[PDB]
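> Handing you a structure now.
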Amino acid sequence: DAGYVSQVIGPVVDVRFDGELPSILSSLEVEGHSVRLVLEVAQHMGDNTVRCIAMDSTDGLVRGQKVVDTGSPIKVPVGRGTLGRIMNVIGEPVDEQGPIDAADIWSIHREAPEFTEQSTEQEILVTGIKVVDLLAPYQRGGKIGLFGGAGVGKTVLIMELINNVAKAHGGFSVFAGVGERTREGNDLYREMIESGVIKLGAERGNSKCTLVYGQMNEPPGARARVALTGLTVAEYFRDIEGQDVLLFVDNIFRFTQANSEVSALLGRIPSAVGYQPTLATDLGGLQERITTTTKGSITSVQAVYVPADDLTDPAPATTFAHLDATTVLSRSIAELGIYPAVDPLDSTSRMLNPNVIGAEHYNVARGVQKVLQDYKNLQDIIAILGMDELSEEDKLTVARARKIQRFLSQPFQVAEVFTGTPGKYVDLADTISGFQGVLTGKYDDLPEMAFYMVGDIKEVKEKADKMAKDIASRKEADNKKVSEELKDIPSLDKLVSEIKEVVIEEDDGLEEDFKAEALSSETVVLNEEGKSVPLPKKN
Amino acid sequence: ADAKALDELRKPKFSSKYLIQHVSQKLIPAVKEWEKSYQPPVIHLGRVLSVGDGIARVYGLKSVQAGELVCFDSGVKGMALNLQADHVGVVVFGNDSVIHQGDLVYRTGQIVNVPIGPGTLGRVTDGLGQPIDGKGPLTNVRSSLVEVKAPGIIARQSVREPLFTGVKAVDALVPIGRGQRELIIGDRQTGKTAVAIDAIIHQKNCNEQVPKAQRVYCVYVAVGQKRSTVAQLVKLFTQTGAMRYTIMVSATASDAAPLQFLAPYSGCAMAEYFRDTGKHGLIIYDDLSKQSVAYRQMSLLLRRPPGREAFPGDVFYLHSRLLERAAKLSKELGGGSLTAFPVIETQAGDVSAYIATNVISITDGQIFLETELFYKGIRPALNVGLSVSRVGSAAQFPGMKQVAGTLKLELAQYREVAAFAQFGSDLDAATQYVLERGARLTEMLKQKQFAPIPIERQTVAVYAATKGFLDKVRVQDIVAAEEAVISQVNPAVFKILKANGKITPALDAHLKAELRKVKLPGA
Ligand SMILES: Nc1ncnc2c1ncn2[C@@H]1O[C@H](COP(=O)(O)OP(=O)(O)OP(=O)(O)O)[C@@H](O)[C@H]1O
Ligand SMILES: Nc1ncnc2c1ncn2[C@@H]1O[C@H](COP(=O)(O)OP(=O)(O)O)[C@@H](O)[C@H]1O
Ligand SMILES: [Mg+2]
Ligand SMILES: [Mg+2]
């Protein structure tokens, strides 16, 4: 009826069944474990043995421990009952608010939608970010990849995409945290209580986002399947509810990385750089499920971590074919202080087409990429010469491209807690006309760094007002300033006297609650009967 | 050869009995003739099949758990890592020269655990909790597992308390938080441990100043280091008094590979006592690049298939499940914290190494230490263009946040013109003025070793450089100029700046008044 544990090597368990082996991708429960241990069948080993990957840690597993078959893959709750909840890889609530009251629990394993049920319409999803909406515009119902290394701003960019798009969307969103920090999974949860996307208690059903989290502390079996758990919630809102879904997947790279951590233990010889041999079909099996069908729509935004800023690594290079839009974040843009650190050339979208976005949006986008590529080819000779002999045709294409690099930067609403300046939402028609003036030459009247960290073209034009007031300051240095004491400044001895007395109890708080148990100097083992005995005095 | 007719062979089909009737009365006198060489059969105990290179393959041990402490009959401990169908692969916690083929292995019943509590506070232990300082066994202590899972989303809160390190290159540019995991990465002998020792020394100066609950209890984990370097470091912590709040776990280079692999988890479980009881911890995993080499040795000798640079496939999970245990807990869990400083050594500055890029993606911030900035006099050799922090604001001093914002900004203008300093044109007084002030800001961040600075004395020294009061000082004697700024400025301006937290405009007047009353010796 049931099986037993045959072999535990790391996170990979071999389970032997005396007849009626479970199917591949089916879920198995381990009986008698400390926590709920769920094994997903990866392959059939051949001598009535299946090979599995565990969804929790395999510490405590005994050879011969009873393993029951659920007769089905990992089924998770889906529906309106999961909105405003944090889910596990196996559908457990990890937000400590009751059980998940969702009906019609769904398998996390299905095949991709067919070729006939594919939509071909291309409508622009306006973001509010003037490097996104100009140079590589996103598509509602399309697949967005935020590439970039560690620390270049993928999570801040995907947080600005949440409060701009997923708040004013109307439909439901799903965040799938795949192999990330639990700190920023808590920061996402807490600032969606405050913004109202997640509501708690009796108004739980008015929430608009389902959280599915598979963070870095989880074993590689849970990290490799949590991207299917959050996709199953997004596929229920697309198919059964018929809604438009926003699927945010933070670091889909961790899906491919977690399958690599079990690949040699599943008995596969390695491919190129160190990934599994099934790198393009495991990733392609996931990405083709995230599509816009004729029933509903899924607009997916995926952060893709590139290892060591290398876009030629095969795990981000496989993801490029699955994406309609592509936002490559660069470290060279970030080191100049320009945020969001989007490479204006390396970013590409399917919507950058004059038959889709119009020939006026398209030509100012290609005009910005023309002057920015010309600046990249001129910076070779500027460091050798100095940019003083270029006869003011190549000095104009430097001065305009340097204004454009600053004007591609933007203050973010989610980044004002570590920068200070409030974020700006720029409309689509307000950044096409703003980049037309810098391109045709309307705004050479303005200084170059006035374009830095602003919103509309009417904010750089008023930052040049403030920048030329404040350099017309610092002219008076004599008196009538704050440094004279007789105005409202107390003496430095009197200012010390308003310090409130703080106490020190000098005991460091260690003798108040600790259960100081006794630890045996002898070693204590188990005999053949299982009884606890001291170690026998014989070597 | 199919199993249908092979399990049909379980049914008897002998059709004759001229051996079954003969040898049944002949077997027991034949077994009893050679029973001197028969070892007794083993079911729930173990017996060593093969031992070598710190790995014992153990027959028997029917009911052992995975990751369980086992004990050989010679007294040395082990750990059942891969439980296979016919044997158990045991990593040996010590020297495997005392283990023979045929030794009895004893299951201890417990998953691997270390002593945690206030009794470890002040001791030097090995990678399993046994004290090596020669001060007797651990009293006032209790046992806890080394493989506790990290606190989840609902258990944490946002990182808001500072935990200053005393290094003003750190505390102004790359501000640490109270539950933040910050990597200290660099080449060999670039000052990696120095930045981490100055953090531990600075907590002893702050623990005698704060009311009993903002006190930070340090844990230093010395993986793979030599034993005389560790003894050189307890001598520094005892003569400073930092050893009152410091635990030291030291699985040195002579220890076994599963002891250096387990010492970051052994030290984190000792530091998790303070996080889980409302106190604040600070753990330094010095040479976390040496734990991955020790873990690679076990897995290659357990015959697990190698990967990138022959590392195991799950070597990301080796460090991700370790560092995610460093968190800031919620108010319902005590409000305690644990901040981690892992140390990774790179080879010739190659940040693109395999273990290096894993811990960069796990930890919040990075402290990059370059060997070419180290020899230009910049000590600590902090690469400002490469060292980032995830928290930014709301995790540093509010007084420092006013004066270090115009330092991170103005040092970016210094680096953007250093690639334009070979010509010497220095047009329109712009690329030359920031080259004079940006050179005066890198000399501000230079400081000594084993002498950390309080944050009120750091936010005054960088107050005096981003603002005026140092504009006509040569770039050769700014390091001595702050001794005028720290000592000759009236020291009650530090007490009111420590108690306020920010630079009030009533104090911005006195900080501009008393910085003109000092005579700097630069001439
Ligand atoms: N701020 C500093 N001022 C002066 N010397 C310093 C400073 N920081 C570190 N050093 C010196 O630099 C050398 C290397 O420092 P440290 O031991 O921290 O380096 P490391 O990267 O840990 O080296 P190793 O790879 O040998 O462990 C030592 O001689 C140390 O005293
Ligand atoms: N939009 C932004 N505006 C300002 N600073 C940013 C922005 N994005 C990132 N940063 C800075 O760079 C760091 C990298 O951001 P993060 O999203 O954590 O990057 P990644 O996920 O690629 O590691 C942040 O901690 C912050 O200091
Ligand atoms: Mg991230
Ligand atoms: Mg060192």
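Here, A, B, ... name the chains of the structure tokens in the order displayed, residue numbers run from 1 inside each chain, and ligands are numbered from 1 in the same displayed order.
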Around ligand 4, which protein and nucleic acid residues have at least one atom no more than 8 Å from it, if we count only C-alpha atoms and all ligand atoms? List them as an NGL selection string.

:B and (188-189 or 191-194 or 225 or 286-287)

> At a cut-off of 8 Å around ligand 3, and using only C-alpha atoms and all ligand atoms, what residues come up? Please write them as an MDAnalysis selection string.

(chainID A and resid 150:151 153:156 180:181 184 250:251 303 305) or (chainID B and resid 361)

> Could the residues in this selection be saved with N, CA and C atoms as a PDB file, in the first residue's frame?


```
ATOM      1  N   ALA A 150      23.850  41.452  -8.884  1.00  0.00           N
ATOM      2  CA  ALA A 150      23.486  41.616  -7.485  1.00  0.00           C
ATOM      3  C   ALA A 150      23.740  43.054  -7.061  1.00  0.00           C
ATOM      4  N   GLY A 151      22.693  43.725  -6.599  1.00  0.00           N
ATOM      5  CA  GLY A 151      22.816  45.080  -6.120  1.00  0.00           C
ATOM      6  C   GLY A 151      22.601  46.154  -7.157  1.00  0.00           C
ATOM      7  N   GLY A 153      19.610  46.770  -8.585  1.00  0.00           N
ATOM      8  CA  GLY A 153      18.295  47.343  -8.404  1.00  0.00           C
ATOM      9  C   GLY A 153      17.144  46.569  -9.008  1.00  0.00           C
ATOM     10  N   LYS A 154      17.218  45.235  -9.021  1.00  0.00           N
ATOM     11  CA  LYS A 154      16.109  44.443  -9.548  1.00  0.00           C
ATOM     12  C   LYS A 154      14.908  44.471  -8.616  1.00  0.00           C
ATOM     13  N   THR A 155      15.145  44.371  -7.307  1.00  0.00           N
ATOM     14  CA  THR A 155      14.037  44.293  -6.365  1.00  0.00           C
ATOM     15  C   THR A 155      13.384  45.654  -6.162  1.00  0.00           C
ATOM     16  N   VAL A 156      14.159  46.736  -6.225  1.00  0.00           N
ATOM     17  CA  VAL A 156      13.572  48.071  -6.152  1.00  0.00           C
ATOM     18  C   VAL A 156      12.779  48.373  -7.421  1.00  0.00           C
ATOM     19  N   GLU A 180      14.596  34.022  -2.516  1.00  0.00           N
ATOM     20  CA  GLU A 180      15.096  35.355  -2.222  1.00  0.00           C
ATOM     21  C   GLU A 180      15.280  35.526  -0.719  1.00  0.00           C
ATOM     22  N   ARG A 181      15.537  36.759  -0.310  1.00  0.00           N
ATOM     23  CA  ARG A 181      15.720  37.061   1.097  1.00  0.00           C
ATOM     24  C   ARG A 181      14.376  37.093   1.809  1.00  0.00           C
ATOM     25  N   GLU A 184      13.280  40.834   2.654  1.00  0.00           N
ATOM     26  CA  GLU A 184      12.526  41.577   1.655  1.00  0.00           C
ATOM     27  C   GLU A 184      11.209  40.909   1.297  1.00  0.00           C
ATOM     28  N   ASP A 250      10.083  37.079  -8.283  1.00  0.00           N
ATOM     29  CA  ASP A 250      11.397  37.589  -7.913  1.00  0.00           C
ATOM     30  C   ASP A 250      12.408  36.460  -8.037  1.00  0.00           C
ATOM     31  N   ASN A 251      13.342  36.627  -8.974  1.00  0.00           N
ATOM     32  CA  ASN A 251      14.465  35.727  -9.233  1.00  0.00           C
ATOM     33  C   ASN A 251      14.002  34.323  -9.625  1.00  0.00           C
ATOM     34  N   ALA A 303      12.171  39.153 -12.243  1.00  0.00           N
ATOM     35  CA  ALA A 303      13.563  39.491 -12.009  1.00  0.00           C
ATOM     36  C   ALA A 303      14.417  38.297 -12.402  1.00  0.00           C
ATOM     37  N   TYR A 305      18.346  37.280 -12.024  1.00  0.00           N
ATOM     38  CA  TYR A 305      19.698  37.552 -11.559  1.00  0.00           C
ATOM     39  C   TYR A 305      20.690  36.952 -12.540  1.00  0.00           C
TER      40      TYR A 305
ATOM     41  N   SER B 361      25.031  37.303  -3.498  1.00  0.00           N
ATOM     42  CA  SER B 361      23.598  37.253  -3.747  1.00  0.00           C
ATOM     43  C   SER B 361      22.789  36.909  -2.503  1.00  0.00           C
TER      44      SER B 361
END
```

> Please, which residues have at least one atom within 9 Å of an atom of ligand 2, using only C-alpha atoms and all ligand atoms, listed as a short mmCIF file (atom, residue, chain, number, x, y, z; two decimals) with N, CA, C and O atoms, in the first residue's frame?


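Everything below was put into out02.cif:
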```cif
data_model
loop_
_atom_site.label_atom_id
_atom_site.label_comp_id
_atom_site.auth_asym_id
_atom_site.auth_seq_id
_atom_site.Cartn_x
_atom_site.Cartn_y
_atom_site.Cartn_z
N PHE A 147 16.60 41.90 -15.98
CA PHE A 147 17.92 41.31 -15.84
C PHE A 147 18.81 42.25 -15.04
O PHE A 147 18.52 43.43 -14.85
N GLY A 148 19.91 41.71 -14.55
CA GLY A 148 20.88 42.49 -13.80
C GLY A 148 21.49 41.70 -12.67
O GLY A 148 20.88 40.78 -12.12
N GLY A 149 22.72 42.06 -12.30
CA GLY A 149 23.45 41.36 -11.27
C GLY A 149 22.97 41.64 -9.86
O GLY A 149 21.82 42.03 -9.64
N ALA A 150 23.85 41.45 -8.88
CA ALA A 150 23.49 41.62 -7.48
C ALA A 150 23.74 43.05 -7.06
O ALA A 150 24.87 43.54 -7.15
N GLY A 151 22.69 43.73 -6.60
CA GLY A 151 22.82 45.08 -6.12
C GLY A 151 22.60 46.15 -7.16
O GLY A 151 22.85 47.33 -6.86
N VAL A 152 22.15 45.80 -8.36
CA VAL A 152 21.92 46.79 -9.40
C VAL A 152 20.51 47.36 -9.36
O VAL A 152 20.24 48.36 -10.05
N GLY A 153 19.61 46.77 -8.58
CA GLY A 153 18.30 47.34 -8.40
C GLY A 153 17.14 46.57 -9.01
O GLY A 153 16.18 47.18 -9.47
N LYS A 154 17.22 45.24 -9.02
CA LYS A 154 16.11 44.44 -9.55
C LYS A 154 14.91 44.47 -8.62
O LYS A 154 13.77 44.57 -9.07
N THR A 155 15.14 44.37 -7.31
CA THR A 155 14.04 44.29 -6.37
C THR A 155 13.38 45.65 -6.16
O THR A 155 12.17 45.73 -5.97
N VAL A 156 14.16 46.74 -6.22
CA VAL A 156 13.57 48.07 -6.15
C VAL A 156 12.78 48.37 -7.42
O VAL A 156 11.72 49.01 -7.37
N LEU A 157 13.26 47.89 -8.57
CA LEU A 157 12.52 48.08 -9.82
C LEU A 157 11.24 47.26 -9.83
O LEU A 157 10.21 47.73 -10.34
N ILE A 158 11.27 46.05 -9.28
CA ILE A 158 10.05 45.25 -9.22
C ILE A 158 9.12 45.73 -8.12
O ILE A 158 7.93 45.39 -8.15
N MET A 159 9.61 46.52 -7.17
CA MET A 159 8.72 47.14 -6.19
C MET A 159 8.06 48.39 -6.73
O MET A 159 6.94 48.71 -6.34
N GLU A 160 8.75 49.12 -7.61
CA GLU A 160 8.11 50.26 -8.26
C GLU A 160 7.10 49.80 -9.30
O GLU A 160 6.12 50.50 -9.56
N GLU A 184 13.28 40.83 2.65
CA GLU A 184 12.53 41.58 1.65
C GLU A 184 11.21 40.91 1.30
O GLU A 184 10.37 41.54 0.64
N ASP A 250 10.08 37.08 -8.28
CA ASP A 250 11.40 37.59 -7.91
C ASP A 250 12.41 36.46 -8.04
O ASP A 250 12.35 35.47 -7.30
N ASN A 251 13.34 36.63 -8.97
CA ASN A 251 14.47 35.73 -9.23
C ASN A 251 14.00 34.32 -9.63
O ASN A 251 14.09 33.35 -8.88
N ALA A 303 12.17 39.15 -12.24
CA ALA A 303 13.56 39.49 -12.01
C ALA A 303 14.42 38.30 -12.40
O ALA A 303 14.06 37.15 -12.11
N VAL A 304 15.50 38.55 -13.13
CA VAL A 304 16.44 37.50 -13.52
C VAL A 304 17.82 37.94 -13.05
O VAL A 304 18.41 38.87 -13.62
N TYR A 305 18.35 37.28 -12.02
CA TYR A 305 19.70 37.55 -11.56
C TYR A 305 20.69 36.95 -12.54
O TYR A 305 20.61 35.76 -12.86
N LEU A 329 19.37 45.67 -16.41
CA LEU A 329 19.97 46.62 -15.50
C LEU A 329 21.48 46.41 -15.46
O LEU A 329 21.95 45.27 -15.40
N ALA A 334 24.60 52.11 -12.72
CA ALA A 334 24.38 52.32 -11.29
C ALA A 334 25.55 53.03 -10.63
O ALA A 334 25.36 53.79 -9.68
N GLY A 337 25.50 56.73 -10.45
CA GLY A 337 24.44 57.29 -9.66
C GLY A 337 23.11 57.41 -10.36
O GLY A 337 22.19 58.02 -9.81
N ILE A 338 22.98 56.84 -11.55
CA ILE A 338 21.74 56.91 -12.32
C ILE A 338 20.85 55.76 -11.90
O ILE A 338 21.23 54.59 -12.01
N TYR A 339 19.66 56.08 -11.41
CA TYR A 339 18.71 55.06 -11.00
C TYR A 339 17.34 55.37 -11.57
O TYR A 339 16.90 56.52 -11.52
N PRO A 340 16.62 54.37 -12.14
CA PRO A 340 16.91 52.94 -12.31
C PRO A 340 18.04 52.66 -13.28
O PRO A 340 18.13 53.32 -14.32
N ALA A 341 18.90 51.70 -12.96
CA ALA A 341 20.14 51.53 -13.69
C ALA A 341 19.95 50.73 -14.97
O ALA A 341 20.70 49.80 -15.25
N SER A 409 17.11 58.79 -15.63
CA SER A 409 16.97 58.49 -14.22
C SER A 409 15.68 59.08 -13.68
O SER A 409 15.11 60.02 -14.24
N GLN A 410 15.22 58.52 -12.56
CA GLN A 410 13.91 58.89 -12.03
C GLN A 410 13.85 58.55 -10.55
O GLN A 410 14.31 57.47 -10.16
N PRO A 411 13.30 59.43 -9.71
CA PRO A 411 13.05 59.06 -8.32
C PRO A 411 11.89 58.09 -8.23
O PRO A 411 10.86 58.26 -8.88
N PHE A 412 12.06 57.06 -7.41
CA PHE A 412 11.06 56.02 -7.24
C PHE A 412 10.31 56.22 -5.93
O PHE A 412 10.86 56.70 -4.94
N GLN A 413 9.02 55.86 -5.94
CA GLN A 413 8.20 55.96 -4.74
C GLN A 413 8.65 54.97 -3.67
O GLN A 413 8.57 55.27 -2.48
N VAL A 414 9.15 53.80 -4.08
CA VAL A 414 9.64 52.81 -3.13
C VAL A 414 11.09 53.03 -2.74
O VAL A 414 11.61 52.29 -1.89
N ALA A 415 11.77 54.01 -3.33
CA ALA A 415 13.17 54.28 -3.04
C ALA A 415 13.36 55.57 -2.27
O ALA A 415 14.51 55.99 -2.07
N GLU A 416 12.29 56.22 -1.82
CA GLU A 416 12.43 57.44 -1.04
C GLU A 416 12.77 57.18 0.42
O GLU A 416 13.07 58.13 1.15
N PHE A 418 15.38 55.48 1.30
CA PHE A 418 16.83 55.50 1.42
C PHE A 418 17.48 56.52 0.49
O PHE A 418 18.70 56.45 0.30
N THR A 419 16.72 57.43 -0.09
CA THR A 419 17.27 58.51 -0.90
C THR A 419 16.81 59.88 -0.46
O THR A 419 17.59 60.84 -0.50
N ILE B 360 27.49 36.97 -2.24
CA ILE B 360 27.08 38.31 -2.65
C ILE B 360 25.58 38.35 -2.89
O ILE B 360 24.90 39.30 -2.48
N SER B 361 25.03 37.30 -3.50
CA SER B 361 23.60 37.25 -3.75
C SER B 361 22.79 36.91 -2.50
O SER B 361 21.58 37.16 -2.48
N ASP B 364 23.01 41.07 2.38
CA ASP B 364 22.41 42.35 2.02
C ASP B 364 23.43 43.27 1.38
O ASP B 364 23.34 43.60 0.19
N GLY B 365 24.46 43.65 2.13
CA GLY B 365 25.48 44.54 1.63
C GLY B 365 26.79 43.83 1.35
O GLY B 365 26.96 42.64 1.59
N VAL B 388 28.03 48.42 -1.43
CA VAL B 388 26.66 48.88 -1.33
C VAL B 388 26.06 48.31 -0.05
O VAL B 388 26.63 47.41 0.58
N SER B 389 24.92 48.87 0.37
CA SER B 389 24.16 48.36 1.50
C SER B 389 22.68 48.41 1.15
O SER B 389 22.22 49.36 0.51
N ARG B 390 21.93 47.38 1.58
CA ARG B 390 20.52 47.30 1.21
C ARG B 390 19.66 48.26 2.02
O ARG B 390 18.61 48.70 1.53
N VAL B 391 20.06 48.59 3.24
CA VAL B 391 19.18 49.38 4.10
C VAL B 391 19.26 50.86 3.76
O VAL B 391 18.22 51.54 3.72
N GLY B 392 20.45 51.37 3.45
CA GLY B 392 20.65 52.79 3.21
C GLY B 392 20.32 53.64 4.42
O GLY B 392 21.03 53.62 5.42
#
```

> Extract, using only C-alpha atoms, all DNA, RNA and protein residues at most 7 Å from residue 43 (chain B), discarding same-chain residues fewer than 2 positions from it, and format them as a PyMOL selection string.

chain B and resi 41+45+60-62

> Go ahead and save the picked residues with N, CA, C and O atoms, as a PDB file, in the first residue's frame.


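For reference, part-v1.pdb as written:
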```
ATOM      1  N   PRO B  41      26.614 -10.489  14.811  1.00  0.00           N
ATOM      2  CA  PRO B  41      25.819  -9.735  13.838  1.00  0.00           C
ATOM      3  C   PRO B  41      25.252  -8.464  14.440  1.00  0.00           C
ATOM      4  O   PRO B  41      24.990  -8.375  15.641  1.00  0.00           O
ATOM      5  N   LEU B  45      23.147  -1.269  16.187  1.00  0.00           N
ATOM      6  CA  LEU B  45      24.471  -0.684  16.275  1.00  0.00           C
ATOM      7  C   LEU B  45      25.070  -0.571  14.879  1.00  0.00           C
ATOM      8  O   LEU B  45      24.435  -0.889  13.872  1.00  0.00           O
ATOM      9  N   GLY B  60      25.148  -1.684   9.096  1.00  0.00           N
ATOM     10  CA  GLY B  60      24.196  -1.691  10.181  1.00  0.00           C
ATOM     11  C   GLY B  60      23.622  -0.310  10.376  1.00  0.00           C
ATOM     12  O   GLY B  60      23.398   0.396   9.386  1.00  0.00           O
ATOM     13  N   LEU B  61      23.422   0.080  11.638  1.00  0.00           N
ATOM     14  CA  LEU B  61      22.794   1.341  12.039  1.00  0.00           C
ATOM     15  C   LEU B  61      21.439   1.499  11.354  1.00  0.00           C
ATOM     16  O   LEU B  61      21.244   2.348  10.488  1.00  0.00           O
ATOM     17  N   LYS B  62      20.519   0.607  11.724  1.00  0.00           N
ATOM     18  CA  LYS B  62      19.250   0.496  11.011  1.00  0.00           C
ATOM     19  C   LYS B  62      18.372   1.719  11.234  1.00  0.00           C
ATOM     20  O   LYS B  62      17.741   2.215  10.294  1.00  0.00           O
TER      21      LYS B  62
END
```

> Find the spatial neighbours of residue 358 (chain A), counting only C-alpha atoms, within a cut-off of 12 Å - ignore same-chain residues fewer than 5 positions away - and output them as a list in words.

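Using only C-alpha atoms, the neighbours found are residues 123, 124, 134, 351, 352, 353, 363, 364, 365, 429 and 432 of chain A.
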
> For N, CA and C atoms, I'd like the residues from the last selection saved as a compact mmCIF listing (two decimals), in the first residue's frame.


```txt
# COMPACT_ATOMS: atom_id res chain seq x y z
N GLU A 123 -1.01 45.42 -26.62
CA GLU A 123 -1.36 46.69 -26.01
C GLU A 123 -0.27 47.08 -25.02
N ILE A 124 0.01 48.38 -24.95
CA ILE A 124 1.13 48.85 -24.14
C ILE A 124 0.68 49.00 -22.69
N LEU A 134 9.70 54.54 -22.61
CA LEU A 134 10.24 55.13 -23.83
C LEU A 134 11.03 54.13 -24.66
N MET A 351 7.42 45.60 -28.23
CA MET A 351 6.56 46.74 -28.48
C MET A 351 7.29 47.89 -29.16
N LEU A 352 8.62 47.87 -29.20
CA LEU A 352 9.38 48.89 -29.91
C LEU A 352 9.25 48.62 -31.40
N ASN A 353 8.15 49.10 -31.96
CA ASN A 353 7.76 48.85 -33.33
C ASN A 353 6.83 49.97 -33.75
N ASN A 363 10.34 56.92 -33.11
CA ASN A 363 11.47 57.66 -33.65
C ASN A 363 12.23 58.42 -32.57
N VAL A 364 11.54 58.86 -31.51
CA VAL A 364 12.25 59.45 -30.39
C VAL A 364 12.94 58.38 -29.55
N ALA A 365 12.46 57.14 -29.60
CA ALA A 365 13.16 56.05 -28.92
C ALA A 365 14.42 55.66 -29.67
N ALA A 429 2.72 60.18 -22.64
CA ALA A 429 2.82 61.33 -23.53
C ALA A 429 3.71 62.43 -22.96
N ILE A 432 7.51 61.22 -23.99
CA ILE A 432 7.83 61.29 -25.42
C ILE A 432 8.12 62.72 -25.82
```

> Dump as a ChimeraX atom specification the residues of chain A that approach chain B to within 6 Å, counting only C-alpha atoms.

/A:6-9,59-62,95,150,182,186,216-217,261,264,274,308,418,482-483,489,496,503-504,508,516-517,525-526,528,539

> Would you please give, as a ChimeraX atom specification, all residues of region 149-395 of chain A that DSSP assigns to strand (DSSP E or B) based on the backbone?

/A:172-178,209-214,244-250,297-305,325-329,342,348-349

> I'd like the interatomic distance between CA of residue 377 (chain A) and CA of residue 398 (chain A), to a tenth of an Å.

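Taking CA of residue 377 (chain A) and CA of residue 398 (chain A), their separation equals 10.4 Å.
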
> Find the distance between CA of residue 518 (chain B) and CA of residue 167 (chain B) and write it in Å to one decimal.

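Straight-line distance from CA of residue 518 (chain B) to CA of residue 167 (chain B) works out to 24.1 Å.
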
> May I have the residues within 10 Å of region 453-455 of chain A as a VMD selection string, using only C-alpha atoms and disregarding those fewer than 2 positions away in the same chain?

chain A and resid 128 to 130 337 to 340 406 to 412 421 to 427 430 to 431 434 449 to 451 457 to 463

> Let me make sure I understand: among B:410, B:477, B:199, B:247, which one has the smallest atom-to-atom distance to residue 131 (chain B) if we use only C-alpha atoms?

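The closest residue to residue 131 (chain B) is B:247.
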